[PDB]
Amino acid sequence: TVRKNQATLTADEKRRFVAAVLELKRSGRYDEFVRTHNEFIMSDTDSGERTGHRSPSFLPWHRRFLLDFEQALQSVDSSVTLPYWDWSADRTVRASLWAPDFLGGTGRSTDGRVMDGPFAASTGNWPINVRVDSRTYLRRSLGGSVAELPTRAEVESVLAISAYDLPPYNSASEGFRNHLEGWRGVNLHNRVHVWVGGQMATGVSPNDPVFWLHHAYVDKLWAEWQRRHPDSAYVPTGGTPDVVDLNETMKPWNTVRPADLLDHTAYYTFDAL
Amino acid sequence: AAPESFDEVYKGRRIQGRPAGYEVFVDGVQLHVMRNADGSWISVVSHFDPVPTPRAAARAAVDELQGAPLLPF
Ligand SMILES: [O-][O-]
Ligand SMILES: [Cu+2]
Ligand SMILES: [Cu+2]
Ligand SMILES: [Cu+2]
(Lines give C-alpha, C1' and ligand atoms only; values in the text may rest on other atoms or scores of the structure.)
(Ligands and ions follow the chains in the order given, each with its own letter.)
Protein backbone atom coordinates (compact mmCIF):
# COMPACT_ATOMS: atom_id res chain seq x y z
CA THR A 1 0.00 0.00 0.00
CA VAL A 2 1.80 3.22 -1.03
CA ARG A 3 0.29 6.59 -0.23
CA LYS A 4 1.16 8.97 -3.02
CA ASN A 5 1.18 12.70 -3.35
CA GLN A 6 -2.13 13.65 -5.04
CA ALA A 7 -0.23 15.85 -7.50
CA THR A 8 1.53 12.76 -8.85
CA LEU A 9 -1.45 10.57 -9.55
CA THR A 10 -2.00 9.35 -13.06
CA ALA A 11 -5.29 10.08 -14.77
CA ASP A 12 -6.23 6.41 -14.23
CA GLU A 13 -5.44 6.55 -10.53
CA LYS A 14 -7.53 9.71 -10.14
CA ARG A 15 -10.45 8.08 -11.98
CA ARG A 16 -10.29 4.96 -9.78
CA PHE A 17 -10.04 6.94 -6.53
CA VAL A 18 -13.02 9.11 -7.47
CA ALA A 19 -15.13 6.10 -8.50
CA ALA A 20 -14.35 4.26 -5.26
CA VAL A 21 -15.28 7.34 -3.16
CA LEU A 22 -18.54 7.77 -5.12
CA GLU A 23 -19.40 4.10 -4.56
CA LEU A 24 -18.84 4.38 -0.78
CA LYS A 25 -21.22 7.37 -0.92
CA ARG A 26 -23.85 5.54 -3.02
CA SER A 27 -23.82 2.50 -0.76
CA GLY A 28 -24.38 4.56 2.42
CA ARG A 29 -21.00 3.69 3.96
CA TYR A 30 -19.42 7.13 3.39
CA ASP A 31 -21.87 9.07 5.50
CA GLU A 32 -21.20 7.00 8.59
CA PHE A 33 -17.56 8.17 8.53
CA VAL A 34 -18.86 11.73 8.50
CA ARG A 35 -21.19 10.95 11.45
CA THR A 36 -18.48 9.29 13.58
CA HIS A 37 -16.16 12.21 12.99
CA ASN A 38 -18.74 14.82 14.04
CA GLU A 39 -19.52 12.85 17.19
CA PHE A 40 -15.89 13.12 18.28
CA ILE A 41 -15.64 16.79 17.21
CA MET A 42 -18.53 17.55 19.48
CA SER A 43 -17.48 15.30 22.42
CA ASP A 44 -13.69 15.99 22.64
CA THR A 45 -13.31 18.79 25.19
CA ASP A 46 -10.30 20.51 26.79
CA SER A 47 -11.48 19.86 30.27
CA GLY A 48 -12.89 16.44 29.87
CA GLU A 49 -12.55 13.22 27.89
CA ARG A 50 -10.72 13.94 24.65
CA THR A 51 -9.75 11.31 22.07
CA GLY A 52 -9.94 12.34 18.43
CA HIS A 53 -8.91 15.99 18.68
CA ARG A 54 -7.26 18.59 20.93
CA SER A 55 -5.24 15.85 22.60
CA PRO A 56 -2.20 13.66 22.06
CA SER A 57 -4.28 10.93 20.41
CA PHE A 58 -5.30 13.37 17.61
CA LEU A 59 -2.54 11.79 15.46
CA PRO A 60 -3.04 8.03 16.09
CA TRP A 61 -6.84 8.50 16.08
CA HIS A 62 -6.83 10.07 12.64
CA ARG A 63 -4.27 7.51 11.45
CA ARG A 64 -6.72 4.69 12.40
CA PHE A 65 -9.77 6.58 11.04
CA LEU A 66 -7.95 7.03 7.71
CA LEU A 67 -6.97 3.33 7.70
CA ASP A 68 -10.63 2.40 8.18
CA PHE A 69 -11.57 4.65 5.23
CA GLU A 70 -8.74 3.37 3.00
CA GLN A 71 -9.75 -0.23 3.73
CA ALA A 72 -13.33 0.66 2.76
CA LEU A 73 -12.07 2.12 -0.52
CA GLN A 74 -10.00 -1.03 -1.14
CA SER A 75 -13.09 -3.20 -0.56
CA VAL A 76 -14.52 -1.42 -3.66
CA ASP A 77 -11.30 -1.19 -5.72
CA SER A 78 -8.26 -2.96 -4.31
CA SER A 79 -5.82 -0.82 -6.32
CA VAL A 80 -6.89 2.42 -4.58
CA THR A 81 -4.89 3.98 -1.77
CA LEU A 82 -5.43 7.35 -0.04
CA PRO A 83 -3.40 10.12 -1.66
CA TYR A 84 -2.13 13.07 0.34
CA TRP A 85 -2.32 16.84 -0.29
CA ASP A 86 0.90 18.70 0.48
CA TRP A 87 -0.77 22.05 0.95
CA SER A 88 2.57 23.67 1.57
CA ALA A 89 3.51 22.92 -2.09
CA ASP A 90 0.17 22.78 -3.94
CA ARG A 91 -1.08 26.04 -2.42
CA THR A 92 -3.22 27.81 -4.96
CA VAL A 93 -6.71 27.34 -6.40
CA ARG A 94 -5.10 26.52 -9.76
CA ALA A 95 -3.57 23.35 -8.25
CA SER A 96 -4.43 20.19 -10.18
CA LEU A 97 -6.14 18.90 -7.02
CA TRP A 98 -8.97 21.34 -7.68
CA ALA A 99 -9.44 20.52 -11.37
CA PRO A 100 -12.73 19.11 -12.70
CA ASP A 101 -11.12 15.66 -13.22
CA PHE A 102 -10.24 15.31 -9.51
CA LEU A 103 -11.93 17.20 -6.64
CA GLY A 104 -13.44 20.15 -8.57
CA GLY A 105 -12.84 23.74 -7.63
CA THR A 106 -13.97 26.49 -5.29
CA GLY A 107 -17.64 27.34 -4.66
CA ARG A 108 -19.40 30.16 -6.48
CA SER A 109 -19.62 33.36 -4.43
CA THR A 110 -23.31 33.63 -3.79
CA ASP A 111 -23.85 30.36 -1.83
CA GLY A 112 -20.48 28.55 -1.81
CA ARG A 113 -21.75 25.86 -4.15
CA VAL A 114 -19.08 23.76 -5.94
CA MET A 115 -20.08 23.83 -9.60
CA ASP A 116 -17.62 21.38 -11.22
CA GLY A 117 -15.87 18.06 -10.67
CA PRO A 118 -17.37 14.75 -9.70
CA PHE A 119 -18.64 15.90 -6.30
CA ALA A 120 -20.64 18.90 -7.53
CA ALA A 121 -24.23 18.70 -6.35
CA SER A 122 -25.49 18.99 -9.98
CA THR A 123 -24.08 15.55 -10.74
CA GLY A 124 -26.62 13.94 -8.41
CA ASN A 125 -23.76 11.81 -7.01
CA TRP A 126 -22.78 13.72 -3.84
CA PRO A 127 -25.69 14.47 -1.52
CA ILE A 128 -24.70 16.16 1.71
CA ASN A 129 -26.76 14.18 4.23
CA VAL A 130 -24.95 14.29 7.58
CA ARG A 131 -25.03 18.02 8.17
CA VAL A 132 -25.68 20.86 10.53
CA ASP A 133 -26.06 23.66 7.93
CA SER A 134 -29.21 22.34 6.30
CA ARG A 135 -28.01 22.87 2.71
CA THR A 136 -27.35 19.66 0.86
CA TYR A 137 -24.68 20.57 -1.72
CA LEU A 138 -20.87 20.55 -1.36
CA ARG A 139 -19.62 24.08 -0.56
CA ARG A 140 -16.08 25.55 -0.56
CA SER A 141 -14.55 29.01 -0.52
CA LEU A 142 -10.85 28.38 -1.13
CA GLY A 143 -8.81 31.11 0.49
CA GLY A 144 -12.01 32.91 1.55
CA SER A 145 -11.71 32.95 5.37
CA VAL A 146 -7.91 32.93 5.68
CA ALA A 147 -5.56 34.22 3.08
CA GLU A 148 -2.81 31.62 2.85
CA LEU A 149 -2.14 27.94 3.39
CA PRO A 150 0.89 27.10 5.54
CA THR A 151 4.34 27.25 3.87
CA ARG A 152 7.14 24.68 3.89
CA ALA A 153 9.11 27.01 6.26
CA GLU A 154 6.20 27.03 8.71
CA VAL A 155 5.85 23.28 8.50
CA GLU A 156 9.57 22.90 9.20
CA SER A 157 9.29 25.11 12.27
CA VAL A 158 6.73 22.66 13.62
CA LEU A 159 8.61 19.52 12.65
CA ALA A 160 11.61 20.94 14.61
CA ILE A 161 9.74 20.80 17.94
CA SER A 162 11.21 17.99 20.01
CA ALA A 163 8.40 17.20 22.46
CA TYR A 164 5.54 15.15 21.02
CA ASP A 165 3.01 16.78 23.38
CA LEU A 166 3.01 18.43 26.81
CA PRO A 167 0.70 18.78 29.81
CA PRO A 168 -2.09 19.77 29.91
CA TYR A 169 -2.42 17.70 26.70
CA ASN A 170 -5.17 19.86 25.17
CA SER A 171 -5.62 22.93 22.94
CA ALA A 172 -3.42 24.97 25.29
CA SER A 173 -0.37 22.70 24.93
CA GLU A 174 3.05 23.59 23.74
CA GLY A 175 4.73 20.88 21.74
CA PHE A 176 4.55 19.20 18.33
CA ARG A 177 1.03 17.74 18.39
CA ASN A 178 -0.79 20.96 19.21
CA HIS A 179 1.34 23.06 16.83
CA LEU A 180 0.62 20.58 13.99
CA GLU A 181 -3.07 20.45 14.98
CA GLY A 182 -2.85 24.23 15.02
CA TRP A 183 -4.53 25.51 18.22
CA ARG A 184 -1.22 27.23 19.14
CA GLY A 185 1.40 28.83 16.93
CA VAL A 186 1.54 29.53 13.25
CA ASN A 187 -1.28 26.90 12.74
CA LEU A 188 -1.03 24.09 10.28
CA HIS A 189 -3.98 21.66 10.29
CA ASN A 190 -6.80 23.90 11.59
CA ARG A 191 -5.88 26.67 9.14
CA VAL A 192 -6.20 24.31 6.17
CA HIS A 193 -9.77 23.47 7.25
CA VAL A 194 -10.52 27.21 7.46
CA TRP A 195 -8.85 27.84 4.06
CA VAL A 196 -11.02 25.30 2.20
CA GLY A 197 -14.21 26.63 3.84
CA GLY A 198 -17.62 25.09 3.26
CA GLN A 199 -18.16 21.75 5.01
CA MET A 200 -14.39 21.51 5.61
CA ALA A 201 -14.72 24.37 8.16
CA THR A 202 -17.29 22.37 10.19
CA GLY A 203 -17.54 19.25 12.39
CA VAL A 204 -18.93 17.43 9.34
CA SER A 205 -15.68 18.15 7.40
CA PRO A 206 -15.37 14.59 5.94
CA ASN A 207 -18.28 15.58 3.71
CA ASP A 208 -15.62 17.01 1.41
CA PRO A 209 -13.36 14.26 -0.06
CA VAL A 210 -10.38 16.60 0.42
CA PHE A 211 -10.68 15.84 4.16
CA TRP A 212 -8.92 12.53 3.63
CA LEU A 213 -6.11 14.03 1.53
CA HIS A 214 -5.52 16.76 4.14
CA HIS A 215 -5.37 14.25 6.95
CA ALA A 216 -3.17 11.92 4.90
CA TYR A 217 -0.59 14.74 4.69
CA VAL A 218 -0.96 15.62 8.43
CA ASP A 219 -0.32 11.89 8.96
CA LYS A 220 2.80 12.08 6.76
CA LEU A 221 4.05 15.03 8.81
CA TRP A 222 3.79 12.85 11.95
CA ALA A 223 5.92 10.24 10.16
CA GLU A 224 8.41 13.02 9.20
CA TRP A 225 8.54 14.27 12.81
CA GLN A 226 9.38 10.74 13.99
CA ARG A 227 12.34 10.50 11.58
CA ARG A 228 13.57 13.90 12.78
CA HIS A 229 13.26 12.97 16.44
CA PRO A 230 13.95 9.21 16.72
CA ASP A 231 14.72 9.87 20.40
CA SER A 232 11.29 11.31 21.14
CA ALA A 233 7.97 9.46 21.37
CA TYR A 234 4.28 9.66 22.19
CA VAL A 235 3.26 11.01 25.60
CA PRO A 236 1.66 10.57 28.01
CA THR A 237 2.76 7.11 29.04
CA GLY A 238 0.20 6.05 31.61
CA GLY A 239 -2.20 7.14 34.25
CA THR A 240 -3.58 10.38 32.68
CA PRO A 241 -7.26 11.09 33.35
CA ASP A 242 -9.35 11.90 30.27
CA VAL A 243 -6.36 11.50 27.87
CA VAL A 244 -5.37 8.39 25.90
CA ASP A 245 -2.06 7.20 27.21
CA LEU A 246 0.36 5.31 24.95
CA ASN A 247 -0.89 1.80 25.81
CA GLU A 248 -4.56 2.67 26.44
CA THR A 249 -7.19 1.68 23.97
CA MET A 250 -9.02 4.30 21.86
CA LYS A 251 -12.70 4.86 21.09
CA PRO A 252 -14.61 4.06 19.02
CA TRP A 253 -12.71 0.90 18.05
CA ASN A 254 -11.57 0.02 21.59
CA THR A 255 -9.24 -2.68 20.15
CA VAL A 256 -6.26 -0.45 19.25
CA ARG A 257 -3.91 1.80 21.16
CA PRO A 258 -1.60 4.70 20.14
CA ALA A 259 1.25 2.20 20.60
CA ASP A 260 -0.19 0.08 17.78
CA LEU A 261 -0.23 3.00 15.37
CA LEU A 262 3.10 4.74 15.90
CA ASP A 263 4.79 2.79 13.11
CA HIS A 264 2.85 3.41 9.91
CA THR A 265 4.92 0.90 7.93
CA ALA A 266 2.83 -1.87 9.47
CA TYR A 267 0.07 -0.55 7.20
CA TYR A 268 1.42 1.52 4.33
CA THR A 269 4.53 3.44 3.15
CA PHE A 270 4.78 6.79 1.43
CA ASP A 271 6.02 7.55 -2.05
CA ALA A 272 8.83 9.48 -0.28
CA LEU A 273 9.59 10.12 3.32
CA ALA B 1 -17.48 31.66 35.51
CA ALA B 2 -19.86 31.31 32.58
CA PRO B 3 -20.41 34.10 30.04
CA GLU B 4 -23.55 36.21 30.31
CA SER B 5 -26.60 35.31 28.34
CA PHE B 6 -27.55 37.22 25.17
CA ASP B 7 -30.46 37.65 22.80
CA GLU B 8 -30.31 39.67 19.58
CA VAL B 9 -31.34 39.65 15.93
CA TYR B 10 -28.17 39.28 13.84
CA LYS B 11 -28.44 39.42 10.03
CA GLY B 12 -32.16 38.72 10.35
CA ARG B 13 -31.67 35.58 12.55
CA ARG B 14 -32.54 35.39 16.24
CA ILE B 15 -29.45 34.30 18.19
CA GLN B 16 -29.59 33.42 21.85
CA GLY B 17 -26.99 32.19 24.35
CA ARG B 18 -27.33 31.13 27.93
CA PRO B 19 -25.31 29.27 30.56
CA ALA B 20 -26.55 25.77 30.99
CA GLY B 21 -21.53 24.61 29.87
CA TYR B 22 -23.33 26.99 27.58
CA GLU B 23 -26.10 26.75 24.98
CA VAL B 24 -26.63 28.74 21.77
CA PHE B 25 -29.70 28.79 19.55
CA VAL B 26 -30.23 30.11 16.02
CA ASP B 27 -33.96 30.74 15.44
CA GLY B 28 -34.70 28.33 18.29
CA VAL B 29 -32.50 25.50 16.94
CA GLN B 30 -29.69 24.57 19.28
CA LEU B 31 -26.17 24.99 17.90
CA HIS B 32 -23.38 22.96 19.49
CA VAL B 33 -20.66 25.30 20.80
CA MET B 34 -17.50 24.67 22.81
CA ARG B 35 -15.05 26.66 24.91
CA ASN B 36 -11.35 26.28 24.48
CA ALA B 37 -8.90 26.37 27.37
CA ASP B 38 -7.71 29.90 26.43
CA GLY B 39 -11.31 31.15 26.69
CA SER B 40 -12.08 31.34 22.98
CA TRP B 41 -15.15 29.65 21.50
CA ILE B 42 -16.03 27.63 18.43
CA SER B 43 -19.19 26.02 17.05
CA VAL B 44 -19.82 22.91 15.06
CA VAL B 45 -20.24 25.00 11.93
CA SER B 46 -17.01 26.96 12.47
CA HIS B 47 -14.98 24.46 14.48
CA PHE B 48 -11.44 25.35 13.50
CA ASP B 49 -11.55 29.14 13.80
CA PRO B 50 -11.68 30.32 17.45
CA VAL B 51 -13.61 33.51 18.23
CA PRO B 52 -13.66 35.38 21.51
CA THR B 53 -17.18 34.83 22.90
CA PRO B 54 -20.26 32.63 22.49
CA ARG B 55 -22.05 35.54 20.78
CA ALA B 56 -19.17 35.73 18.30
CA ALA B 57 -19.61 31.96 17.67
CA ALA B 58 -23.36 32.41 17.12
CA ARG B 59 -22.70 35.29 14.71
CA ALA B 60 -20.04 33.17 12.88
CA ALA B 61 -22.72 30.45 12.54
CA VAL B 62 -25.24 32.89 11.08
CA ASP B 63 -22.55 34.08 8.64
CA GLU B 64 -21.77 30.45 7.68
CA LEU B 65 -25.44 29.58 7.12
CA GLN B 66 -26.06 32.34 4.52
CA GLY B 67 -29.75 32.35 5.51
CA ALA B 68 -30.25 28.56 5.65
CA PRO B 69 -32.08 26.90 8.54
CA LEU B 70 -29.87 25.18 11.08
CA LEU B 71 -30.61 21.50 11.66
CA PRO B 72 -30.46 20.08 15.16
CA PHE B 73 -27.67 17.85 16.41
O1 LIG C 1 -9.96 17.49 12.66
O2 LIG C 1 -10.54 17.08 11.38
CU1 LIG D 1 -10.98 14.86 12.96
CU1 LIG E 1 -21.93 19.06 23.95
CU1 LIG F 1 -8.86 17.75 10.37
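Residues numbered from 1 in each chain as written, not as in the entry; some residues may be left out. Chains lettered and ligands numbered in written order. Heavy atoms only, no water.

Regarding how it was determined, this PDB entry cites X-ray crystallography in its header, along with a resolution of 1.16 Å.

Engineer: What should I look at first to understand the sheet that holds strand β5 (residues 33–35) of chain B in this one?
Structural biologist: The strands making up a sheet are joined through hydrogen bonds of the backbone, oriented either antiparallel or parallel. Residues and elements named next belong to chain B. The three strands are arranged β5-β6-β7 in an open sheet whose pairing can be described as antiparallel. The open sheet has two free edges, formed respectively by β5 and β7 (46–51), since each of these has just one partner strand. With direction set aside, neighbouring strand axes in the sheet form an average angle of 25°. With two bridges connecting them, strand β6 (residues 41–43) and β7 associate as antiparallel partners. Counted as the bridge partner of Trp 41 is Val 51 from β7. (Pairing = 2+ DSSP bridges. Helix = DSSP H or I, 4+ residues; strand = E, 2+ residues; numbered from the N terminus. Axes fitted to C-alpha atoms, helices over the stretch in contact; angles between N-to-C directions.)

Engineer: For this particular structure, what's the right way to read the layout of surface pockets?
Structural biologist: The rolling of a water-molecule-sized probe over the atoms marks out the regions of remaining empty space. Estimated volume of the largest pocket: approximately 430 Å³. In terms of lining, the largest pocket is formed by 24 residues, of which the most central are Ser 141, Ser 145, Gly 197 and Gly 198 of chain A together with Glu 64 of chain B. At the level of secondary structure, the elements contributing two or more residues to the lining of the largest pocket comprise β7 and α1 (54–65) of chain B. The element best represented in the lining of the largest pocket is β7 of chain B, accounting for five residues. Of the residues contributing to the lining of the largest pocket, the split by class is six nonpolar, 11 polar and seven charged. (1 Å grid on protein atoms, 1.4 Å probe; cavity = no way out; pocket = protein on both sides within 12 Å on 5 of 7 lines; lining within 4 Å. Points joined across faces, edges and corners; volume = space filled by probe spheres on them. Nonpolar A, V, L, I, M, F, W, Y, C, P; charged D, E, K, R; others polar.)

Engineer: What's the story with the environment of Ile 41 of chain A in this structure? I'm lost.
Structural biologist: Secondary-structure assignment places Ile 41 of chain A in helix α2 (residues 29–43). Counting along the chain gives 85 residues from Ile 41 of chain A to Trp 126 of chain A, while the straight-line C-alpha distance between them is 22 Å. Those residues in contact with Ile 41 of chain A that sit more than four places away from it in its chain are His 53 and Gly 203 of chain A together with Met 34, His 47 and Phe 48 of chain B. (Contact = heavy atoms within 4.5 Å.)

Engineer: Which parts of the structure should I look at to understand the side chain of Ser 40 of chain B?
Structural biologist: All names here are of chain B. With respect to the helices and strands, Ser 40 occurs in the loop between β5 and β6. Assessed through its relative accessible area of 9%, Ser 40 is described here as buried. Excluding residues within four positions of it along the chain, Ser 40 makes contact with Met 34, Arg 35, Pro 50, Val 51 and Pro 52. (Buried < 20%, exposed > 50% of the residue type's maximum accessible area, 1.4 Å probe, protein only.)

Engineer: Explain the coordination of the copper ion (ligand 2) to me, please; I cannot follow it from the model alone.
Structural biologist: In an ideal tetrahedron of four donors about a metal, each angle is 109.5 degrees. In an ideal octahedron of six donors, the angles are 90 or 180 degrees. Residue and element names in this part refer to chain A. Protein-derived ligands of the copper ion (ligand 2) are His 37 (NE2), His 53 (NE2) and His 62 (NE2), with the metal-ligand distances lying across 1.9 to 2.1 Å. Of note is the copper ion (ligand 2), whose four donor atoms meet at the metal with angles of 86 to 138° in an arrangement that counts as irregular. A separation of 4.4 Å is found between the copper ion (ligand 2) and the copper ion (ligand 4). Taken together, the residues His 37 in helix α2 and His 53 in the loop between α2 and α3 (58–76) connect sequence positions 16 residues apart. (Donors = N, O, S within 2.8 Å, 3.2 Å for Na, K, Ca; no water. Tetrahedral: all angles 85-135°; square planar, octahedral: opposite > 155°, others 65-115°.)

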